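As a starting point, one isolated chain is supplied in structure tokens, in the form solved without 2-phosphoglyceric acid.
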């Protein structure tokens, strides 16, 4: 017995009106018969189009980032802005952002807290590098990530949180990650939550696999005990995302 799965599509910084419109269309067609939460996370610029055009009852929209308050932050987009706009979902603290845009754990932690406080469903990202992994530092890092986030949350706040574990060590590196390696990590996050936050929170918590997933492997990855869905990059700009959703039962 698992919680409700989530098939999240992180379109990242990609797409055109034309190409996206098409994909939206493929999606609304999809017959999904089980309890799953489909999430399409578009660029800020594509939100409106996606909003109007996505009609499927299992699909909800997410933004790929946000700052906490409004004000003088040229080029940024805030939680109030998003909330007014009718977005209740958010990806926070992705790998690409921690790398290229200076997202310390504490910045992420703060963002998650702000979001949770504004009523969003947060897909908060954690995950270690090839360097970190290699040097025997996996658990230390992942637990620190989750702990930093954990601090600012009250127990009741966990209902608003989804964790996506990203194997950074396996992305762009050459390395392969097996379903047992996903699961090793997944189970260690849940361990942590169970232990510090509580078994009841633990049981309900969605831990999405945030690494390389496609139509071929998603069923297998899904087979694992602590894999509750996916945060999809590549395969999300594609028709196979539909197999990704199916693979969640």
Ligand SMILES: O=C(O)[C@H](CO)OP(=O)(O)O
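Positions refer to the first chain, counted from 1. Only the largest set of C-alpha atoms that superpose within 1.5 Å between the two forms is called the rigid core.
- Across the two stretches, 116-124 and 160-168, the PDB entry reports the greater mean Cα temperature factor for 116-124.
- Higher mean CA temperature factor, per the PDB entry, when comparing 18-26 with 229-237: 18-26.
- Reading the B-factor column for the CA atoms of 174, 93, 71, 86 in the entry, the top value corresponds to 174.
- Of the candidates 34, 190, 219, 51, the deposited coordinates give 51 the top C-alpha B factor.
- Compared with the other modelled residues of the chain, the Cα B-factor recorded for residue 97 ranks in the lowest third.
- When the CA B factors of the chain's modelled residues are split into thirds, the value for residue 78 lands in the lowest one.
- The entry lists a Cα temperature factor for residue 4 that places it in the lowest third of the chain's modelled residues.
- Among the modelled residues of its chain, residue 60 has a C-alpha B-factor that falls in the lowest third according to the deposited record.
- Among the modelled residues of its chain, residue 149 has a C-alpha B-factor that falls in the middle third according to the deposited record.
What comes next is about the form deposited with 2-phosphoglyceric acid bound, which is not displayed.
- Checking 50-58, 205-213, 180-188, 24-32 against 2-phosphoglyceric acid in the entry with it bound, the stretch whose residues place heavy atoms within 4.5 Å of it is 205-213.
- Within 4.5 Å of 2-phosphoglyceric acid in the entry with it bound, a heavy atom is found for every one of 12, 171 and 231.
- Contact check for residue 166: a non-hydrogen atom falls within 4.5 Å of 2-phosphoglyceric acid in the entry with it bound.
- No residue of 81, 171, 143, 107 other than 171 has its CA displaced by 2 Å or more between the shown form and the other one when the core is superposed.
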